[PDB]
Amino acid sequence: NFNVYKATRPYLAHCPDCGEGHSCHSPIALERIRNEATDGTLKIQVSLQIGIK
Amino acid sequence: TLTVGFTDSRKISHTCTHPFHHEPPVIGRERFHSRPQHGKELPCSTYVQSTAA
Amino acid sequence: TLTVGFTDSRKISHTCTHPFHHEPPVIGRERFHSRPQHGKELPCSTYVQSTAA
Amino acid sequence: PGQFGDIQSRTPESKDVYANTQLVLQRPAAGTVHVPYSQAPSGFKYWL
Amino acid sequence: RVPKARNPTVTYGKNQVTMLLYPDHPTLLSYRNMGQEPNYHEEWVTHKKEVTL
């Protein structure tokens with residue numbers, strides 16, 4: 001269920017390359033990438049929240 | 001490399017890029033590029049699309 | 001190869017294609033693909049976005 | 001630090017873990033907030 | 001801005017040094033003798049390797 005997200009909020013963070021070759025503060029940013037599965041799927045963590053108004 | 005992005009509510013785009021090294025592992029004694037129609041079956045692991053605790 | 005194009009006023013597209021060889025040079029004693037967060041600085045040259053005479 | 005057996009345990013359900021990797025912290029860059037570090041890569045992946 | 005490499009593992013012996021290298025992308029390695037005869041050497045490293053000098 002989505003009940004665990006009731007009191008949370010997103011945030012801003014530092015990104016090393018914002019498209020032009022310069023750094024900037026972005027509403028979307030990357031956390032660790034995991035590649036443990038043998039069939040080649042990936043799990044990615046970002047700073048925004050999907051599915052909740 | 002890996003890139004993510006989305007579109008704002010004022011029609012403005014945002015992106016961020018991080019370096020990475022992607023190379024899926026090899027299963028069996030042959031290297032192949034797609035899933036065949038006639039073949040053999042071997043074990044592997046994957047991710048399950050479940051939202052349970 | 002290198003290609004350019006645009007769209008006409010009657011919903012018609014146009015293209016032109018020429019051969020070329022693109023390979024950026026290397027700076028330093030390492031080959032890298034993107035911009036890191038932790039590192040050093042060395043001199044290089046760029047183009048300036050100015051319309052002055 | 002970089003061969004088979006950097007991490008060891010007695011059974012999959014145990015809580016006691018032994019580790020002999022290298023971990024050194026580094027100075028942060030000017031004007032940013034982050035925690036950089038240097039560490040040897042995993043040895044189990046290389047064996048595969 | 002350019003990146004920096006990670007530290008190696010070094011062991012000692014009589015009149016020799018053994019090093020183990022952990023590269024992420026192609027890196028250059030060189031060494032010279034102090035004194036009157038430098039005896040310059042150079043090589044490129046692309047994967048895990050062990051050397052003795």
# chains A, B, ... in the order shown; residues from 1 in each chain; ligands from 1
$ closest_atom_pairs --of "chain A" --to "chain D" --cutoff "12 Å" --atoms "only C-alpha atoms" --output "Markdown table"
| residue | atom | partner | partner_atom | distance |
| --- | --- | --- | --- | --- |
| A:13 | CA | D:33 | CA | 9.6 |
| A:14 | CA | D:32 | CA | 8.1 |
| A:15 | CA | D:32 | CA | 10.5 |
| A:16 | CA | D:32 | CA | 10.6 |
| A:23 | CA | D:32 | CA | 10.7 |
| A:24 | CA | D:32 | CA | 11.0 |
| A:25 | CA | D:32 | CA | 10.9 |
| A:35 | CA | D:45 | CA | 11.5 |
| A:36 | CA | D:45 | CA | 10.1 |
| A:38 | CA | D:48 | CA | 11.5 |
$ select_by_dssp --residues "chain C" --states "strand (DSSP E or B)" --output "VMD selection string"
chain C and resid 2 to 7 13 to 18 30 39 to 40
$ interface_residues --of "chain C" --to "chain D" --cutoff "9 Å" --atoms "only C-alpha atoms" --output "list in words"
residues 37, 38 and 39 of chain C
$ residues_around --residues "residue B:15" --least-positions-apart "5" --cutoff "6 Å" --atoms "only C-alpha atoms" --output "number ranges by chain"
A: 18; B: 4-5
$ interface_residues --of "chain B" --to "chain C" --cutoff "9 Å" --atoms "only C-alpha atoms" --output "MDAnalysis selection string"
chainID B and resid 1 17:19
$ atom_distance --atom1 "atom CA of residue E:8" --atom2 "atom CA of residue E:20"
5.8 Å
$ interface_residues --of "chain E" --to "chain C" --cutoff "9 Å" --atoms "only C-alpha atoms" --output "list in words"
residues 1, 2, 3, 4, 5, 25, 26, 27 and 28 of chain E
$ closest_residue --among "D:18, D:3, D:31, D:13" --to "chain E" --atoms "only C-alpha atoms"
D:3
$ closest_residue --among "D:37, D:7, D:12, D:30" --to "chain E" --atoms "only C-alpha atoms"
D:37
$ residues_around --residues "stretch 6-14 of chain B" --least-positions-apart "3" --cutoff "9 Å" --atoms "only C-alpha atoms" --output "JSON, numbers by chain"
{"A": [18, 19, 26, 27, 28]}
$ closest_residue --among "E:47, E:52, E:40, E:35" --to "residue E:22" --atoms "only C-alpha atoms"
E:47
$ closest_residue --among "D:8, D:39, D:14, D:21" --to "chain E" --atoms "only C-alpha atoms"
D:39
$ residues_around --residues "residue B:46" --least-positions-apart "2" --cutoff "10 Å" --atoms "only C-alpha atoms" --output "list in words"
residues 36, 37, 38, 39, 40, 41 and 42 of chain A; 44, 48 and 49 of chain B
$ write_last_selection --atoms "C-alpha atoms" --output "compact mmCIF listing (two decimals), in the first residue's frame"
# COMPACT_ATOMS: atom_id res chain seq x y z
CA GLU A 36 22.63 -7.92 -9.03
CA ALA A 37 20.26 -9.91 -11.25
CA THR A 38 21.77 -12.34 -13.75
CA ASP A 39 19.28 -11.64 -16.56
CA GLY A 40 20.35 -7.98 -16.78
CA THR A 41 17.68 -5.84 -15.13
CA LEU A 42 18.39 -2.64 -13.21
CA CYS B 44 18.75 -17.80 -13.71
CA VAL B 48 9.59 -9.73 -9.25
CA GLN B 49 6.99 -7.01 -9.89
$ decode --residues "stretch 12-31 of chain A" --atoms "N, CA, C and O atoms" --output "compact mmCIF listing (two decimals), in the first residue's frame"
# COMPACT_ATOMS: atom_id res chain seq x y z
N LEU A 12 15.74 18.62 -3.29
CA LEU A 12 16.68 18.98 -4.34
C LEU A 12 18.10 18.55 -3.99
O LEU A 12 18.43 18.38 -2.81
N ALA A 13 18.93 18.35 -5.01
CA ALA A 13 20.28 17.83 -4.79
C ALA A 13 21.19 18.21 -5.96
O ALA A 13 20.74 18.71 -6.99
N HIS A 14 22.48 17.95 -5.77
CA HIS A 14 23.53 18.32 -6.72
C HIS A 14 23.69 17.28 -7.82
O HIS A 14 23.67 16.07 -7.56
N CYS A 15 23.88 17.75 -9.05
CA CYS A 15 24.10 16.89 -10.21
C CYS A 15 25.35 17.34 -10.96
O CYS A 15 25.54 18.55 -11.17
N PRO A 16 26.21 16.41 -11.38
CA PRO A 16 27.50 16.81 -11.96
C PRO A 16 27.46 17.25 -13.41
O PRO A 16 28.43 17.86 -13.87
N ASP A 17 26.38 16.97 -14.16
CA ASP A 17 26.33 17.36 -15.57
C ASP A 17 24.87 17.54 -15.96
O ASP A 17 24.12 16.56 -16.05
N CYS A 18 24.46 18.79 -16.20
CA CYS A 18 23.07 19.13 -16.44
C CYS A 18 22.75 19.31 -17.92
O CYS A 18 21.75 19.96 -18.24
N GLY A 19 23.56 18.76 -18.81
CA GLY A 19 23.28 18.73 -20.23
C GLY A 19 24.21 19.57 -21.08
O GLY A 19 24.46 19.22 -22.24
N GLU A 20 24.73 20.67 -20.54
CA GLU A 20 25.60 21.57 -21.29
C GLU A 20 27.07 21.44 -20.92
O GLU A 20 27.89 22.20 -21.45
N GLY A 21 27.43 20.52 -20.04
CA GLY A 21 28.78 20.45 -19.54
C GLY A 21 29.05 21.25 -18.29
O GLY A 21 30.22 21.52 -17.98
N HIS A 22 28.01 21.64 -17.56
CA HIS A 22 28.15 22.40 -16.33
C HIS A 22 27.26 21.79 -15.26
O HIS A 22 26.25 21.14 -15.56
N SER A 23 27.64 22.00 -14.00
CA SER A 23 26.88 21.48 -12.88
C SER A 23 25.75 22.43 -12.52
O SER A 23 25.79 23.63 -12.81
N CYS A 24 24.73 21.88 -11.87
CA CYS A 24 23.56 22.66 -11.48
C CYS A 24 22.79 21.89 -10.41
O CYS A 24 23.05 20.71 -10.16
N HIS A 25 21.85 22.59 -9.78
CA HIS A 25 20.96 21.99 -8.78
C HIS A 25 19.66 21.59 -9.47
O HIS A 25 19.00 22.42 -10.09
N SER A 26 19.30 20.31 -9.34
CA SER A 26 18.22 19.77 -10.15
C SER A 26 17.14 19.14 -9.27
O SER A 26 17.45 18.58 -8.21
N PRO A 27 15.88 19.22 -9.68
CA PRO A 27 14.82 18.49 -8.98
C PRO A 27 14.84 16.99 -9.21
O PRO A 27 14.06 16.27 -8.58
N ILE A 28 15.71 16.49 -10.10
CA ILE A 28 15.89 15.06 -10.30
C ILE A 28 17.38 14.74 -10.18
O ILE A 28 18.22 15.46 -10.72
N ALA A 29 17.70 13.68 -9.44
CA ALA A 29 19.08 13.32 -9.16
C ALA A 29 19.17 11.82 -8.92
O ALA A 29 18.16 11.15 -8.66
N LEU A 30 20.38 11.28 -9.02
CA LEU A 30 20.62 9.85 -9.00
C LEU A 30 21.23 9.40 -7.68
O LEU A 30 22.08 10.09 -7.11
N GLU A 31 20.78 8.24 -7.20
CA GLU A 31 21.32 7.47 -6.10
C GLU A 31 21.98 6.21 -6.66
O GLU A 31 22.25 6.13 -7.87
